[PDB]
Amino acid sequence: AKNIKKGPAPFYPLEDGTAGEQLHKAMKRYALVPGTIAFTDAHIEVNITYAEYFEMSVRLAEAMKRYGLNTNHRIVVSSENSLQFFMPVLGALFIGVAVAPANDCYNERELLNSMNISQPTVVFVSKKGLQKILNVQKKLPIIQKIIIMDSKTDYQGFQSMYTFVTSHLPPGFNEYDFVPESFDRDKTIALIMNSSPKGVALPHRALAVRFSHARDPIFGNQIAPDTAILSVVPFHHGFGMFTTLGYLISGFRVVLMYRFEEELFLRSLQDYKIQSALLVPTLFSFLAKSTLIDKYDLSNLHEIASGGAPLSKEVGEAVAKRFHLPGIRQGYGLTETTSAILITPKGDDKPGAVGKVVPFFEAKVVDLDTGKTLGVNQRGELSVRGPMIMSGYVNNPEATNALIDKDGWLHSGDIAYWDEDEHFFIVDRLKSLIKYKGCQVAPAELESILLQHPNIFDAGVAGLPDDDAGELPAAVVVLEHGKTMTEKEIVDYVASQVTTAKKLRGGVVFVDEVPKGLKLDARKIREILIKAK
């Protein structure tokens, strides 16, 4: 058992009851403390108090409960990051209705298939996303109601969140006497997240564990709710969803930035007195280089975190020195593990490490071809188990069991080693998966589009390392015998077929063979790609 790394016992205890109960219990409290702000849009200088947030989420839960929704139902929240985003999430959580967040970047096909899985009864959506929701509802009969999020009044004949609640609540309804539902938090699903595409069922139990990590003085943030954090992370993904839920149960003021502005990301830090910034590894070179950074009162900024993708050790400690931080704080996780399950422990900074095993979890490194558990400083595939690991892929047990073994070990597709202090380091990726500016890009979609081309015999798609995007989608192309085609042509061809995140920005390299085994070798493909550039 010396080769199994285990989290310590939690520094903030696990709390009783559903995640809805825990959220409600905590926000009801913040809601009684005058002037406590829950969310701030940094762009337009608009705040929503905890009081207001709590009241609207409660109005929403009762309305939904009266509309007929129970633990047998799901909803979708399809919306770009906004002040209103969490209202239906919290609302549904209070009553045990599963929330299925949809990526606001999704096209109609991806969206249709996401919701084909989640089977939601009601859909919450912004103005931007309504027309897509409509085109889907036609093909998806189970959707019976579409409610607009970023409108106060009704819109194109559809109820807003506000008119929807006034119409389903009994008059003289009191929010502060609402009691959230109790249910078996192990079997009641809190969220169904997309995993590129499948539905990741996350029970309430997993959220309860996250709420422990979140308020943990070592593995999250110490609970002084007089705290302001700035977050630039998409709400619809696990990184943004479970950090933010943890910030709310902590009573933090969550300051939001949707677009990174060099002039703003520093101004917002100074004016709002940001104590902690939750960032993605792409903004780090910016924050390492910019000279404007020098003149603001940031004495209140004691922490900067990153996650979701690799952070350069060197860049990380540069940004850490400039801000007089002990180091960049980090978290590593997958959608299937709910949230981060490796996290840099406060006071235990070690540059380049993504952190240590969180409480309740275990981690191990298994050899790439024998599957044997390995020891200290040995590169292998990282496997994890613990109570935030998803219940399983919604209506896909075969993909569930290939990912999660008989003993609960989830093999992550990442390559890692742990050192003597039990610090973990992520040094490579086994699986085929690209992250372009945080956005997931499945190589298989790109490959099938490439093969479609008459001049293309075979192709392999992987990530090309980019300093400001992390990875650029790029391809090894094997031309059909005696057929010709340039890189520019292959690129515009693919562009015509794909949404903006999947554009083959990394270019193309021509080869005689796409590296395979007995399945595509992502590492060998990334190798050939860089060998060029």
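We number the residues from 1 along the sequence you see.
J.: Check the entry and tell me how many residues of the deposited sequence have no coordinates between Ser196 and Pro197: none, 1 to 3, 4 to 9, or 10 or more.
T.: Count of unmodelled residues in between: 4 to 9.
J.: Can you say how many deposited residues have no coordinates in the span between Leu518 and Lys519, choosing none, 1 to 3, 4 to 9, or 10 or more?
T.: According to the record, 1 to 3 deposited residues lack coordinates from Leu518 to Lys519.
J.: Select between 318 to 326 and 72 to 80 the stretch whose C-alpha atoms have the higher average B-factor in the entry.
T.: Averaged over C-alpha atoms, the B-factors run higher in 318 to 326.
J.: When the Cα temperature factors in the entry are averaged, is it 214 to 222 or 391 to 399 that ends up higher?
T.: Higher mean C-alpha B-factor: 391 to 399.
J.: When you compare the CA B-factors of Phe425, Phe284, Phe235, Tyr332 as listed in the entry, which one comes out on top?
T.: Highest C-alpha B-factor among the listed options: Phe284.
J.: Say you rank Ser250, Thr370, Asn107, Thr188 by Cα B-factor from the PDB entry; which sits at the top?
T.: Max CA B-factor in the entry, restricted to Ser250, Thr370, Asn107, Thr188: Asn107.
J.: So where's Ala26 on the chain's Cα temperature factor ranking, which third?
T.: Bottom third by C-alpha B-factor.
J.: Quick one: classify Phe265 as lowest, middle or highest third of the chain based on its Cα B-factor.
T.: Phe265: CA B-factor falls in the highest third of its chain.
J.: Relative to the other modelled residues in the chain, which third contains the C-alpha temperature factor of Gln275: lowest, middle or highest?
T.: CA B-factor rank for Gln275: highest third.
J.: Can you tell me whether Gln378 has a C-alpha B-factor in the lowest, middle or highest third compared with the other modelled residues of the same chain?
T.: Bottom third by C-alpha B-factor.
J.: Sorting the chain's CA B-factors, does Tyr258 end up in the lowest, middle or highest third?
T.: Tercile = highest for this residue's CA B-factor.
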